[PDB]
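A.B. asks: My structure file protein_18.cif, mmCIF, C-alpha atoms and all ligand atoms, is below:
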```cif
data_final
#
loop_
_atom_site.label_atom_id
_atom_site.label_comp_id
_atom_site.auth_asym_id
_atom_site.auth_seq_id
_atom_site.Cartn_x
_atom_site.Cartn_y
_atom_site.Cartn_z
CA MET A 1 -0.76 -111.86 17.99
CA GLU A 2 2.79 -110.84 16.99
CA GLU A 3 4.28 -111.13 13.47
CA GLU A 4 7.37 -111.73 11.36
CA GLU A 5 7.58 -111.59 7.53
CA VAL A 6 9.14 -114.68 5.97
CA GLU A 7 10.17 -115.87 2.50
CA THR A 8 11.06 -119.43 1.49
CA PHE A 9 13.81 -119.99 -1.09
CA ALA A 10 15.18 -122.95 -2.98
CA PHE A 11 18.94 -123.48 -2.87
CA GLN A 12 20.49 -123.10 -6.30
CA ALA A 13 20.73 -126.66 -7.73
CA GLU A 14 24.52 -127.05 -7.33
CA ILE A 15 24.53 -125.72 -3.75
CA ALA A 16 21.80 -128.27 -2.92
CA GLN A 17 23.89 -131.04 -4.49
CA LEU A 18 26.97 -129.83 -2.56
CA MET A 19 25.09 -129.73 0.76
CA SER A 20 23.95 -133.34 0.20
CA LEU A 21 27.55 -134.46 -0.27
CA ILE A 22 28.59 -132.59 2.90
CA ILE A 23 25.66 -133.93 4.99
CA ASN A 24 25.74 -137.58 3.86
CA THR A 25 29.47 -138.41 3.52
CA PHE A 26 31.88 -139.29 6.30
CA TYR A 27 34.90 -137.05 6.51
CA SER A 28 37.59 -137.23 9.13
CA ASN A 29 38.63 -133.79 10.45
CA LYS A 30 35.02 -132.52 10.60
CA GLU A 31 36.51 -130.16 13.25
CA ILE A 32 37.47 -127.71 10.45
CA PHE A 33 33.87 -126.34 10.41
CA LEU A 34 34.89 -124.09 13.34
CA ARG A 35 38.07 -122.84 11.59
CA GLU A 36 35.87 -122.00 8.59
CA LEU A 37 33.24 -120.09 10.60
CA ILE A 38 35.92 -118.17 12.54
CA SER A 39 37.68 -117.30 9.28
CA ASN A 40 34.33 -116.09 7.81
CA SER A 41 33.98 -113.87 10.88
CA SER A 42 37.51 -112.57 10.38
CA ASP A 43 36.82 -111.70 6.69
CA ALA A 44 33.65 -109.78 7.72
CA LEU A 45 35.57 -107.93 10.46
CA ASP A 46 38.25 -106.92 7.94
CA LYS A 47 35.53 -105.27 5.81
CA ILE A 48 34.32 -103.02 8.67
CA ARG A 49 37.89 -102.34 9.87
CA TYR A 50 39.07 -101.01 6.48
CA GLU A 51 35.81 -99.26 5.63
CA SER A 52 36.00 -97.53 9.03
CA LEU A 53 39.31 -95.87 8.04
CA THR A 54 37.53 -93.56 5.61
CA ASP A 55 34.12 -93.52 7.33
CA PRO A 56 34.30 -93.80 11.16
CA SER A 57 30.49 -93.34 11.28
CA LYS A 58 30.11 -96.97 10.08
CA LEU A 59 31.22 -97.91 13.62
CA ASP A 60 28.25 -96.05 15.17
CA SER A 61 26.51 -99.42 15.35
CA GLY A 62 29.33 -100.96 17.41
CA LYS A 63 32.95 -100.06 17.95
CA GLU A 64 34.50 -103.27 19.25
CA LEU A 65 35.67 -105.70 16.57
CA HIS A 66 35.70 -109.20 18.06
CA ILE A 67 34.46 -112.79 18.06
CA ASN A 68 32.46 -114.68 20.71
CA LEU A 69 32.13 -118.48 20.98
CA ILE A 70 29.10 -119.67 22.98
CA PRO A 71 28.42 -123.37 23.51
CA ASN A 72 25.14 -124.35 25.23
CA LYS A 73 24.78 -127.99 26.32
CA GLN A 74 21.06 -127.79 27.20
CA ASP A 75 20.14 -126.11 23.87
CA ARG A 76 22.72 -128.34 22.16
CA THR A 77 23.93 -125.32 20.17
CA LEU A 78 27.31 -123.78 19.41
CA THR A 79 27.01 -120.09 18.59
CA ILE A 80 29.66 -117.91 16.94
CA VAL A 81 29.11 -114.16 17.15
CA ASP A 82 31.02 -111.42 15.38
CA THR A 83 30.80 -107.64 15.02
CA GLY A 84 31.78 -107.67 11.33
CA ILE A 85 30.16 -105.71 8.49
CA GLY A 86 26.98 -107.83 8.53
CA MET A 87 24.69 -108.76 5.65
CA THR A 88 21.65 -107.02 4.16
CA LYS A 89 18.57 -109.09 3.22
CA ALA A 90 19.82 -109.04 -0.41
CA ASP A 91 23.30 -110.15 0.76
CA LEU A 92 21.70 -113.08 2.59
CA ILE A 93 19.67 -114.09 -0.47
CA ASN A 94 22.54 -113.60 -2.95
CA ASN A 95 25.40 -114.98 -0.86
CA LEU A 96 23.75 -117.71 1.22
CA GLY A 97 21.96 -119.91 -1.26
CA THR A 98 20.52 -118.67 -4.58
CA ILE A 99 23.78 -118.18 -6.54
CA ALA A 100 26.64 -120.67 -7.07
CA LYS A 101 29.42 -118.14 -6.31
CA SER A 102 33.19 -118.56 -6.58
CA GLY A 103 34.38 -122.16 -6.38
CA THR A 104 30.96 -123.69 -5.61
CA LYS A 105 30.81 -125.85 -8.76
CA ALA A 106 34.55 -126.60 -8.75
CA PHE A 107 34.43 -127.81 -5.15
CA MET A 108 31.24 -129.85 -5.67
CA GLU A 109 32.96 -131.69 -8.52
CA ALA A 110 36.08 -132.18 -6.38
CA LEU A 111 34.03 -133.83 -3.58
CA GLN A 112 32.44 -135.91 -6.33
CA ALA A 113 35.91 -137.17 -7.30
CA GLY A 114 36.49 -138.18 -3.66
CA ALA A 115 38.41 -135.13 -2.48
CA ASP A 116 38.96 -134.27 1.16
CA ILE A 117 36.65 -131.69 2.80
CA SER A 118 39.67 -129.71 4.09
CA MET A 119 40.01 -127.07 1.37
CA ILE A 120 36.31 -126.10 1.42
CA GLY A 121 37.03 -122.53 2.64
CA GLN A 122 39.53 -121.87 -0.15
CA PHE A 123 36.74 -122.42 -2.68
CA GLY A 124 34.50 -119.76 -1.08
CA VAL A 125 31.97 -122.29 0.33
CA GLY A 126 33.34 -122.58 3.88
CA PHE A 127 29.97 -121.68 5.43
CA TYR A 128 28.41 -124.97 4.29
CA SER A 129 30.93 -127.00 6.35
CA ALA A 130 28.52 -126.17 9.21
CA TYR A 131 26.44 -129.14 7.95
CA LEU A 132 29.26 -131.53 8.80
CA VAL A 133 28.17 -131.13 12.47
CA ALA A 134 24.83 -129.22 12.44
CA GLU A 135 21.37 -130.55 11.51
CA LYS A 136 20.08 -126.96 11.47
CA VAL A 137 21.80 -123.55 11.13
CA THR A 138 20.37 -120.12 12.00
CA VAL A 139 22.21 -116.98 10.91
CA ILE A 140 21.15 -113.69 12.53
CA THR A 141 22.67 -110.63 10.84
CA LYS A 142 22.58 -106.83 10.84
CA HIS A 143 24.22 -104.45 8.36
CA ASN A 144 24.28 -100.67 8.68
CA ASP A 145 22.14 -100.36 5.54
CA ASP A 146 19.23 -102.69 6.47
CA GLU A 147 17.23 -104.21 9.38
CA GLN A 148 18.04 -107.36 11.37
CA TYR A 149 17.19 -110.67 9.62
CA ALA A 150 17.30 -114.38 10.40
CA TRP A 151 18.40 -116.91 7.79
CA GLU A 152 17.37 -120.43 8.55
CA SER A 153 18.01 -123.91 7.06
CA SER A 154 17.81 -127.60 7.99
CA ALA A 155 19.05 -128.40 4.45
CA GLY A 156 16.68 -130.49 2.28
CA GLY A 157 16.97 -128.00 -0.60
CA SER A 158 15.44 -124.92 1.03
CA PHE A 159 16.08 -121.99 3.37
CA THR A 160 14.04 -119.13 4.85
CA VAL A 161 14.79 -115.45 5.42
CA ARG A 162 12.68 -113.52 7.94
CA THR A 163 12.58 -110.28 9.90
CA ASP A 164 14.03 -110.78 13.40
CA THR A 165 12.86 -108.83 16.49
CA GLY A 166 14.82 -110.67 19.21
CA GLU A 167 18.02 -109.56 20.98
CA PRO A 168 19.55 -106.64 19.02
CA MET A 169 22.81 -107.36 17.15
CA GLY A 170 23.93 -103.74 16.67
CA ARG A 171 26.02 -104.78 13.64
CA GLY A 172 27.43 -108.17 12.62
CA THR A 173 26.53 -111.85 12.33
CA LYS A 174 25.59 -114.64 14.77
CA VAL A 175 25.77 -118.23 13.51
CA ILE A 176 23.81 -120.73 15.64
CA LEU A 177 24.64 -124.37 15.02
CA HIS A 178 22.12 -126.96 16.18
CA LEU A 179 24.38 -129.96 16.60
CA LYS A 180 23.72 -133.53 15.49
CA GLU A 181 23.46 -136.09 18.33
CA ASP A 182 26.84 -137.73 17.55
CA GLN A 183 28.63 -134.33 17.32
CA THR A 184 28.13 -132.99 20.88
CA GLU A 185 31.89 -132.93 21.60
CA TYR A 186 31.92 -129.39 20.10
CA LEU A 187 29.92 -128.22 23.12
CA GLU A 188 32.83 -129.10 25.41
CA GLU A 189 35.28 -126.39 26.55
CA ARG A 190 38.38 -128.61 26.10
CA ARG A 191 37.49 -129.59 22.51
CA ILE A 192 36.76 -125.99 21.41
CA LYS A 193 40.08 -124.78 22.86
CA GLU A 194 41.87 -127.67 21.11
CA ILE A 195 40.50 -126.82 17.68
CA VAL A 196 40.90 -123.02 17.98
CA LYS A 197 44.52 -123.65 19.04
CA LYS A 198 45.26 -126.02 16.13
CA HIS A 199 43.42 -124.07 13.36
CA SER A 200 42.74 -120.49 14.38
CA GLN A 201 45.94 -119.21 16.06
CA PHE A 202 46.70 -116.43 13.55
CA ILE A 203 43.20 -114.84 13.58
CA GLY A 204 43.80 -111.14 14.14
CA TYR A 205 40.74 -110.28 16.23
CA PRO A 206 40.11 -111.13 19.92
CA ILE A 207 38.14 -114.34 20.44
CA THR A 208 36.33 -114.90 23.79
CA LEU A 209 35.04 -118.31 24.90
CA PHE A 210 32.06 -118.41 27.28
CA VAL A 211 32.62 -121.51 29.42
CA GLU A 212 29.50 -123.04 31.01
CA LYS A 213 29.79 -123.67 34.76
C1 LIG B 1 28.47 -108.21 1.74
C2 LIG B 1 29.08 -107.70 3.02
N1 LIG B 1 29.04 -108.71 4.09
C3 LIG B 1 29.84 -109.76 4.30
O1 LIG B 1 30.78 -110.05 3.56
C4 LIG B 1 29.57 -110.62 5.50
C5 LIG B 1 29.94 -111.96 5.66
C6 LIG B 1 29.51 -112.39 6.91
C7 LIG B 1 29.64 -113.72 7.55
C8 LIG B 1 30.02 -113.81 8.87
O2 LIG B 1 30.30 -112.65 9.55
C9 LIG B 1 30.15 -115.06 9.48
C10 LIG B 1 29.87 -116.22 8.74
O3 LIG B 1 29.99 -117.43 9.33
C11 LIG B 1 29.46 -116.12 7.40
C12 LIG B 1 29.34 -114.85 6.80
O4 LIG B 1 28.98 -114.66 5.48
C13 LIG B 1 29.23 -115.65 4.59
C14 LIG B 1 28.20 -116.15 3.79
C15 LIG B 1 28.47 -117.21 2.91
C16 LIG B 1 29.75 -117.75 2.83
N2 LIG B 1 30.05 -118.84 1.99
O5 LIG B 1 30.99 -119.57 2.30
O6 LIG B 1 29.35 -119.13 1.02
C17 LIG B 1 30.77 -117.24 3.65
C18 LIG B 1 30.51 -116.19 4.52
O7 LIG B 1 28.92 -111.32 7.49
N3 LIG B 1 28.95 -110.18 6.62
#
```
Please express what this file holds, its structure, as structure tokens.
C.D. replies:
Amino acid sequence: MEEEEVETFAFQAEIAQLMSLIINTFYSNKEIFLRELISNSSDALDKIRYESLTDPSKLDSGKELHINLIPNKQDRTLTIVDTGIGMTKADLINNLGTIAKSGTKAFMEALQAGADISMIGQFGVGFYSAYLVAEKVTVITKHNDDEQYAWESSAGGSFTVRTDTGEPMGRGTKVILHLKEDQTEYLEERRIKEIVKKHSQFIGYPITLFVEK
């Protein structure tokens, strides 16, 4: 009988409130979730790029800096993979749910006042736009300073962090979106290309799309 070690966490109260607003409100332009996840990947890639200038050894865990987009119709998932700096277990805990960082509170209050979802990434909470289209999100991540971990949440006020012994990452972050039944358009090649073109043209790392036959 194999094993993983897991810990359950409560979302910080304002993040939980924010996620509820995201999950339960109609917004047009839900398509921006992908721009936000790509931009998160870009930010993480910048960190390893500039850190590599003074310490090339940080690239031992993977030299190519790039982004992969992987839709899977049968799994009903859209996966975004990057070879950015990655997150430690403590990074996952501190940055993906237990602390209301940056513009978390400001943006929550803005949505409360009936604001658009569009500027979510400017407030430092772009990751949570995933829940515009996903019922469940899994984040696999590997940083040079720690082991590989899986972060997991279907919202409802909690998330888990566990050891992960699947396919090795090397270094970076994979975000797996389990799509809602009425959001399956984002599994289609044409739609992904449309939204990358409209919102992610200036991203300064190579993006590869894996088109299903
Ligand atoms: C502390 C050093 N690590 C990072 O900054 C980092 C960030 C990411 C990353 C990613 O590569 C892709 C994503 O979709 C998200 C990522 O991290 C986060 C976590 C939370 C937010 N947020 O909006 O609250 C954004 C990016 O990976 N490593």
A.B. asks: For residue 87 in chain A, which of A:161, A:16, A:155, A:110 is the closest residue, counting only C-alpha atoms?
C.D. replies: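 Going through A:161, A:16, A:155, A:110 one by one, the smallest distance to residue 87 in chain A is for A:161.
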A.B. asks: May I have the residues within 8 Å of ligand LIG 1 (chain B), computed using all atoms listed in the file, as JSON, numbers by chain?
C.D. replies: {"A": [36, 37, 38, 39, 40, 41, 42, 43, 44, 45, 47, 80, 81, 82, 83, 84, 85, 86, 87, 88, 91, 92, 95, 96, 97, 101, 121, 124, 125, 126, 127, 128, 139, 141, 143, 172, 173, 174, 175]}
A.B. asks: Neighbourhood query: residues within 8 Å of (23.6, -130.6, 14.7), file coordinates, counting all atoms listed in the file; return as an MDAnalysis selection string.
C.D. replies: chainID A and resid 76:77 131 133:136 177:181 183
A.B. asks: Do you know which residues are at most 12 Å from residue 112 in chain A counting all atoms listed in the file, after dropping those on the same chain fewer than 2 positions away, and could you put them as number ranges by chain?
C.D. replies: A: 14, 17-22, 25, 105-110, 114-117
A.B. asks: Got time to write the residues from that selection, C-alpha atoms, as a compact mmCIF listing (two decimals), keeping the file's coordinate frame?
C.D. replies:
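Writing done, so here's result-v8.txt:
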```txt
# COMPACT_ATOMS: atom_id res chain seq x y z
CA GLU A 14 24.52 -127.05 -7.33
CA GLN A 17 23.89 -131.04 -4.49
CA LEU A 18 26.97 -129.83 -2.56
CA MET A 19 25.09 -129.73 0.76
CA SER A 20 23.95 -133.34 0.20
CA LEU A 21 27.55 -134.46 -0.27
CA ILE A 22 28.59 -132.59 2.90
CA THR A 25 29.47 -138.41 3.52
CA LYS A 105 30.81 -125.85 -8.76
CA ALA A 106 34.55 -126.60 -8.75
CA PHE A 107 34.43 -127.81 -5.15
CA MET A 108 31.24 -129.85 -5.67
CA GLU A 109 32.96 -131.69 -8.52
CA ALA A 110 36.08 -132.18 -6.38
CA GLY A 114 36.49 -138.18 -3.66
CA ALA A 115 38.41 -135.13 -2.48
CA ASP A 116 38.96 -134.27 1.16
CA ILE A 117 36.65 -131.69 2.80
```
A.B. asks: How many Å separate CA of residue 9 in chain A from CA of residue 26 in chain A?
C.D. replies: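 Computing it gives 27.5 Å between the two atoms.
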A.B. asks: Go through A:113, A:78, A:67, A:90 one by one, measure the shortest atom-to-atom distance of each to residue 138 in chain A using all atoms listed in the file, and give the residue with the smallest value.
C.D. replies: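 Of all the options, A:78 lies closest to residue 138 in chain A.
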